[PDB]
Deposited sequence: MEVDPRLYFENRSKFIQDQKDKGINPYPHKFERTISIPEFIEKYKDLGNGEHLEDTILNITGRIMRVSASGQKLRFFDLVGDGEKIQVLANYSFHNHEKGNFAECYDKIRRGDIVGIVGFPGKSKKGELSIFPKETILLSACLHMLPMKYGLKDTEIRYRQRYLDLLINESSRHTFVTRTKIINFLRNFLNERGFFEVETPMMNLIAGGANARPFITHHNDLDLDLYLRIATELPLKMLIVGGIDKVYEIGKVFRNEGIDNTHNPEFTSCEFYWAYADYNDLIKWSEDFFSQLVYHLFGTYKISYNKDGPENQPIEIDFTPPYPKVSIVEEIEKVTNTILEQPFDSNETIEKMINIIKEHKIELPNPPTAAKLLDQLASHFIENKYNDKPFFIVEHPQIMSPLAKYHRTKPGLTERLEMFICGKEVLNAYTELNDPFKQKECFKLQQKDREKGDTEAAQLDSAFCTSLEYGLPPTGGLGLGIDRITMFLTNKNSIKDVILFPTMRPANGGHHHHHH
């Protein structure tokens, strides 16, 4: 019951074994069959049926230990998320290799073993390996936690391997994450898109609005910023004639952690020459509905928006999805007209007064972009929870890289998709007239590339972590990142 003493005794056991001449960490066990392959090949065996002649080399982790006397021992053996029984019978044991009770009394829960033996089903119908020899391949020197010990605790995050071993669902969550990325890469590749890598460190940090990580480059004697987005170099590649280009990789925003924000997170951005806003809406509806159908066989999924203690809501990914104009909708809900320019003195004061009157946190500084974002967050971002929806046509002052709207003054051809109040996608017709990129008197290099001719283009960025959270029923981003950056205890 004392974990410290358990580990001390296991450690002495290791030493005792090697100076009895047994190597508890051997170099190579030549495995013949994986546990999933074993289950696939011998599941249809009849009750009590043994393939006594069929000798197999199999490995796995012991996850349960019991006995039916000194003469017959039972274990659960797990590998690759699957499980079989180990039935060690005294009569099947190769006694030339050592005493039966001596070999099996040593085994502890968590030990990785290699087994030579034959396949069979017990009379009770349990698919089993019947050993003639089992050898310790690598010992578990600690007591493994119970599932209960992983529930309301940080052990899942600081010792993710324990989560993966003990909680069947944890493996499934991370398998789904990789299936999502695989689906996305194949979806883009089938449509002619070309995957690239752009630098993780740069002299500026552009393509979004976020505080950067800074690091010193020793050889250049220069401070560089980790990228906050891939947007600028990818557009430069469009100028270079890679007309469908994308990148899946980490980006970094040096701000506060919470349940939907991790400072390092996985983004996909793609740029599509000769596409516009409307192509990107259709792309999003095709992608999300096909992805959901690919994973689940239906367009509707269950999501516990308010945690596992509350009822799930159903999210319908059947397209098309609603589109909500941000300014028109704020004006309606607040019953207040917001006249252009949105950064005029009068319209600033009106937004603050709305925020004052409704007791909504005033952003600091109280800039027009920040006020609009705050108003959108409070009044529209939870308009729909039964289905994804787009917030569209953001003001130019919120959207310095999006192309001006072709009919609506002061607005852009921008869309953001929201699921359950959370943004997962940001896309727009790209601003490509260098004379309107106000900041091009923010990189000189980008600005200059625009002067060489950026074709009309649509670009889009996805939050892969947030998408995975919704498709694996998680409420916290730490449950979809293998090794979330924790406070060091």
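- By the record, the deposited chain contains unmodelled runs at 1 to 2, 444 to 459, 508 to 516, with no C-alpha atoms placed there.
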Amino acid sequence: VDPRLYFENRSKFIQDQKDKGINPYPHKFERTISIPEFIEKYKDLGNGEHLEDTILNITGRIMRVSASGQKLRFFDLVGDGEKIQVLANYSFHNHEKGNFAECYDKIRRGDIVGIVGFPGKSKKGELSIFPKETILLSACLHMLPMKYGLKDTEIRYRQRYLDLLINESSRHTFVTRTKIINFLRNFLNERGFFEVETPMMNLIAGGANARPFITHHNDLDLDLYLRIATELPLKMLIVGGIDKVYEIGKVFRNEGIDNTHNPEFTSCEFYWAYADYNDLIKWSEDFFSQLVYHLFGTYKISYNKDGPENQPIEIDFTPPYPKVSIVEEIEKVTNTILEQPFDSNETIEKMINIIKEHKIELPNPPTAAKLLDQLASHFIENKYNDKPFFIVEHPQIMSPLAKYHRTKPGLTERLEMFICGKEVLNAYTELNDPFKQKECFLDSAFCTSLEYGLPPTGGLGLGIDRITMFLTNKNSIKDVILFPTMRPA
From here on, numbers count along this sequence of modelled residues.
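Note that the rigid core is defined as the largest set of C-alphas that superpose within 1.5 Å between two forms.
- Here the rigid core sets the fit, and in 4 other deposited structures of this protein the C-alphas of 357 to 365 stray farther than those of the other stretch, out of 278 to 286 and 357 to 365.
- Of the two segments 122 to 130 and 171 to 179, the one whose CA positions lie farther from the displayed form in 4 other deposited structures of this protein, once all are superposed on the rigid core, is 122 to 130.
- Modelling of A208 is missing from a third or more of the other compared entries in which both of its neighbours are modelled.
- The records show that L45 is included in the coordinate set of every other eligible entry of this protein, so it is not omitted in a third of them.
- Here the stretch with the larger average CA B-factor, out of 112 to 120 and 187 to 195, is 112 to 120.
- Judged by mean Cα B factor in the deposited record, 336 to 344 ranks above the other of 336 to 344 and 407 to 415.
- Considering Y321, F92, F174, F288 together, the PDB entry gives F92 the largest C-alpha B factor.
- Based on the entry's C-alpha B-factors, the most elevated value among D258, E96, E247, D243 belongs to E96.
- Annotation for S34: C-alpha temperature factor in the middle third relative to the rest of the modelled chain, per the entry.
- In this PDB entry, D152 carries a Cα temperature factor that places it within the highest third of its chain's modelled residues.
- Ranked by Cα temperature factor within the chain, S449 sits in the middle third according to the deposited record.
- Split the chain's modelled residues into thirds by C-alpha temperature factor. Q70 is in the highest one.
- Sort the chain's modelled residues by C-alpha temperature factor and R10 lands in the middle third, per the entry.
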